[PDB]
Structures are given as C-alpha cells and as structure tokens.
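This report refers to the structure that appears directly beneath it.
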Amino acid sequence: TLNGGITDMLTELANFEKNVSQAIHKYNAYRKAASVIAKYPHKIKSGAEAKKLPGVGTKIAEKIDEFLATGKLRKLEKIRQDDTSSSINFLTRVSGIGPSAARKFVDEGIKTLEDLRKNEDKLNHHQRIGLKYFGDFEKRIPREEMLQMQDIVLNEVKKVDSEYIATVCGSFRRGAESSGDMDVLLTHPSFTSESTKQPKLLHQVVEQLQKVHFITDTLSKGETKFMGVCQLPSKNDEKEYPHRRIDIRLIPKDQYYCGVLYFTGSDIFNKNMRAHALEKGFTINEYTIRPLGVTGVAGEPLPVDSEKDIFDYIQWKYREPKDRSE
DNA sequence: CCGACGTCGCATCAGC
DNA sequence: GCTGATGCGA
DNA sequence: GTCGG
Ligand SMILES: Nc1ccn([C@H]2C[C@H](O)[C@@H](COP(=O)(O)NP(=O)(O)OP(=O)(O)O)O2)c(=O)n1
Ligand SMILES: [Mg+2]
Ligand SMILES: [Mg+2]
Ligand code: NA
Ligand code: NA
C-alpha cells in the first residue's frame, strides 16, 4: 500500500478508457503503469521519479505530480461528474455488459440497477445472470472458502473419472488470502494435442457439479471452456453463502505446463511475459511456446517439461506463482 | 516520430 | 448452414 | 499512453 493513492488513480483512469472511451490500449497502458508502480518499493516523491519506471511516460508523470500536490486529479473529478460516463461505468460492472452494450442501454434510457431489473427481457443470457448475482459477484472469497470449494470440485471430478486431474489456478494458486473467483484447470489423458479419444469430457464434469448443486448457473459453455456460477452448501439455520463465479478450462494433458502458466496469471503478468517473449522472438499461448520465423509466422512448438522451461526460453529467471501477482 | 501493443474461447451477428 | 467479424471475458 | 527502432 506504499503508493495506493497513485495506483488507485491510474486504475480508475484505466477503467474509464476501457468502458467509456473504448480505448483498449490506453486501458492496458494505465494497467501496466499501475502495476509497475505497485511493486516499486519506495513511496513515490514525484512524477519524475515515477517516469523512470517502464510504462510510466510523460502524461502519467504529470498526473502523479498533480495527485501528490493536491491529493486528487481534476480529469478524474470531471469524469466522476459526467452522467454518461458514470452511467456507463456502473452498467459495465454487470458481467456480460461491456462498453458497447452499456452505451447502448444508456441510449435507451436504461442506466440504473432499477432500470436493469425491470428490463430483463433486453439482456442476453450472460447479462441476465450477471444482474441476478450483481451483489454476490462484488464479494471477495476468503481462502478458507476457496479451500472448501477446492475439496468439492476435486472430489466430484474424481467420482466421474479417476484419471481426471483438476488444478485450481488463478489468484488461489498464487497464494492469495482472498480471491475474486475460482479458476479450475482440467486435464484427462483422453484429450491431448494429438487426439480427442472421448467426447463430452468437460460436459461430464459440469453435469456432475450441477447434480450435487455446486454449479448453479451457466454463463457460457463450449468444448474446452466453461464459465458459470457456483455456491458452497450451508448448514442448518445458516445464512447461505454468496454465489461465486467459476471458470473451468479443459487443456490437452501434454500441454499442461503452458496451460497452468496461463491460468495462474496474473493477467498483467501474462501480458508482460508474452510481450517479453515477442522481444526474444517467441510467442506464448496457453498451449505452446513457439519460435517466430523472420517472416513473422510462428514455428513449431518447442519441448516443454515444466513451467520453468518456458521461462528459460525467453531468458527469464523462474518465478514461483506467489511472485506473479503483478 | 510512430507502428504496435498478449493471446485466445464462447456468444452473437452480418453477409452469402 | 458456413465463414468471418465483433463483443466480452479469461 | 508508452516506447523501441
Ligand atoms: N486479461 C487476462 C485475464 C485472464 N487471464 C487468464 C490468467 C488470469 O490470471 C487468469 C484468471 O482470471 P481471473 O480470475 O479474472 N484473474 P485472477 O484469477 O488472477 O484473480 P481474481 O480476480 O480471481 O482474484 O486467467 C489472462 O491471462 N489475462
Ligand atoms: Mg480468478
Ligand atoms: Mg476467473
Ligand atoms: Na518510463
Ligand atoms: Na461487464
């Protein structure tokens, strides 16, 4: 929390450019700058000091100078006052409602929680469930609850087929004491980069989790990625646990290390690592790491026998999950 | 200065 | 229906 | 908004 004031400011600016201006690269730029400042081990004295950090340029340095002198930012103060920006920023907090849909809802005079609730018929399925659990999705999940959820998921997965391996990644794997949601990486020996010897591999697990009333809703569902809602069982006379977002990603068993590297994150860490990979002449996704031929096409997948192997190729010293919280 | 910015899954829609 | 683009999100 | 070339 050394420079929390600055990083909060930059984060708010990031969200503005993403939601209102619809400038995804300004959003990324602000996110990058906020991240590098967050890990800077000194209380920042000036914008000039901050500008030394990669990702922090002239404009942000100026904003930091304003914030240090006054404790606020005029650009942000104005943004907070603008009705259209405020309306759009609120609407986008509903899962499924993005910058485009939010701006469209505003045009139609749909701009409040009350407006949304009396107009469910104008929402797609994702958006409708997002509204349904708007309050719950705001809530953090204590690691203690994450542990309970992990036990249920792993044990139910084991019941379907013993050869399944379920790994909880995301912020949980990085050792966070609280998480925004649950992310589960799934493998089965019948699904490799070479072939798929069994149908409905992801479907079967989802079905089982629904059958025991753990998974409660589905936002989207394909052959390799599930996005939905889950809830811990409560005891007699106890108030119910909040509903939680859960993602399940099926990844070819032989490509587990690239898969777990991706799903562990963090999101900015992945962006930074993959950017570094490009500079070193590689490209990394959740499946492979590939060389980039001089032309610009990705070459053949390189052998990967650990998360560390991926770090080695791009000449980065290995970083444990707990040190990837950027 | 200025091109490019990490990479991809699922839902949705446009055009044929 | 297929293919490709876009929106949204992980 | 930032920056490597
Ligand atoms: N922008 C993004 C979003 C998702 N991810 C892949 C890796 C992110 O760390 C990760 C899990 O997504 P997430 O749940 O939205 N974020 P994360 O799990 O790190 O922290 P929480 O908000 O759950 O506590 O998925 C990514 O690489 N880049
Ligand atoms: Mg998560
Ligand atoms: Mg998630
Ligand atoms: Na800089
Ligand atoms: Na949203």
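Only heavy atoms go into these numbers, but all of them, side chains included; no hydrogens, no water, no symmetry mates. Every chain is numbered from 1 and lettered A, B, ... according to where its sequence line falls, protein lines coming before strand lines.
Among the atoms of the strands shown, none is found under 4.0 Å from any heavy atom of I24(A). As judged by a 4.0 angstrom heavy-atom cut-off over every strand, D183(A) is placed among residues touching the sugar-phosphate backbone only. Within the nucleic acid shown, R31(A) has no heavy atom closer than 4.0 Å to any nucleic acid atom. Nucleic acid contact class of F263(A) (heavy atoms, under 4.0 Å, all strands): sugar-phosphate only. Counting any heavy atom pair closer than 4.0 Å across all strands shown, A101(A) reaches sugar-phosphate atoms only and no base atom. Counting any heavy atom pair closer than 4.0 Å across all strands shown, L53(A) reaches sugar-phosphate atoms only and no base atom. Within 4.0 Å (heavy atoms only), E17(A) reaches no atom of the nucleic acid at all. Counting non-hydrogen atoms under 4.0 angstrom, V94(A) reaches the backbone sugars and phosphates but no base. Contacts of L219(A) with the nucleic acid, taken as non-hydrogen atoms under 4.0 Å apart, are absent. Nucleic acid contact class of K221(A) (heavy atoms, under 4.0 Å, all strands): sugar-phosphate only. Across all strands shown, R103(A) has no heavy atoms under 4.0 Å from either base or sugar-phosphate atoms. Using a 4.0 Å heavy-atom criterion, one finds that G265(A) contacts no nucleic acid atom at all.
Using a 3.5 Å distance cut-off with no hydrogens or angles, the side chains of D312(A) and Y318(A) do not pair a donor with an acceptor. For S266(A) and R324(A), the side-chain atoms include no donor-acceptor pair closer than 3.5 Å. Checking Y30(A) against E12(A) by side-chain atom types alone, no donor-acceptor pair falls below 3.5 Å.
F191(A) CZ to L186(A) CG: the interatomic distance, rounded to the nearest 0.5 Å, is 10.0 Å.
Taking atom CG of residue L278(A) and atom P of nucleotide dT7(B), one finds them 4 Å apart after rounding to whole Å. Rounded to whole Å, the distance from CG on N15(A) to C1' on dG9(C) is 14 Å. One can place CZ of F282(A) at 17 Å from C1' of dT7(B), the figure rounded to the nearest angstrom. As a whole-Å value, the separation of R290(A) CZ from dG6(B) P is 16 Å. As rounded to whole Å, 13 Å separates atom P of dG6(B) from atom CD1 of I284(A). A straight line from CD of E62(A) to P of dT2(D) spans 9 Å, rounded to a whole angstrom. In this structure, the CD atom of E279(A) is 7 Å from the P atom of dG4(D), given to the nearest Å. For the pair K271(A) NZ and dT2(D) P, the interatomic distance rounds to 13 Å; values are reported in whole Å.
Residue side chain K26(A) does not reach the base of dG1(D) through any donor-acceptor N/O pair under 3.5 Å, judged by distance alone.
The phosphate of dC5(B) (OP1 or OP2) has no side-chain N or O of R274(A) nearer than 4.0 angstrom. Taking 4.0 angstrom as the limit, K225(A) places none of its side-chain polar atoms (N or O) nearer than this to OP1 or OP2 of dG9(B). Distances shorter than 4.0 Å separate some side-chain N or O of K59(A) from OP1 or OP2 on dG1(D). Phosphate contact (OP1/OP2 of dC8(B), side-chain N/O of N285(A), threshold under 4.0 Å): present. The side chain of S100(A) places no N or O atom within less than 4.0 Å of a non-bridging phosphate oxygen (OP1 or OP2) of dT6(C). Of the side-chain N and O atoms in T224(A), one or more sit less than 4.0 angstrom from OP1 or OP2 of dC10(B). Checking the phosphate oxygens (OP1, OP2) of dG9(B), a side-chain nitrogen or oxygen of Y287(A) falls inside 4.0 Å.
Under the 4.0 Å criterion applied to side-chain N and carboxylate O atoms, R244(A) and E138(A) are not assigned as salt-bridge partners. In this structure, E62(A) does not pair ionically with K59(A), as no charged nitrogen and carboxylate oxygen lie closer than 4.0 Å.
Of the candidates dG9(B), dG1(D), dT12(B), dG9(B) carries the atom nearest the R249(A) side chain, counting heavy atoms from C-beta on. The side chain of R245(A) approaches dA10(C) more closely than any other nucleotide in the set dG1(D), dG6(B), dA10(C). Here the side chain of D247(A) is nearest to one of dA10(C), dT7(B), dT12(B), namely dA10(C). Of the listed nucleotides (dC10(B), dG6(B), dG1(D)), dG6(B) has the atom at the smallest distance from the side chain of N28(A).
Taking the P atom of each, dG6(B) and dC3(D) are spaced 14 Å apart, rounded to whole Å. Across the P atoms, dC5(B) and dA10(C) are found 23 Å apart, a figure rounded to whole Å. Atom P of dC8(B) sits at a distance of 29 Å from the matching atom of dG1(D), rounded to the whole Å.
Around the CG atom of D107(A), the shell of radius 6.0 Å holds more than 12 heavy atoms that belong to other residues, nucleotides or ligands.
The shortest distance between side-chain heavy atoms of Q22(A) and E17(A) does not fall below 4.5 Å.
Looking at which nucleotide of DNA chain B each of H126(A) and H25(A) is closest to, the 5′-most match is held by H25(A).
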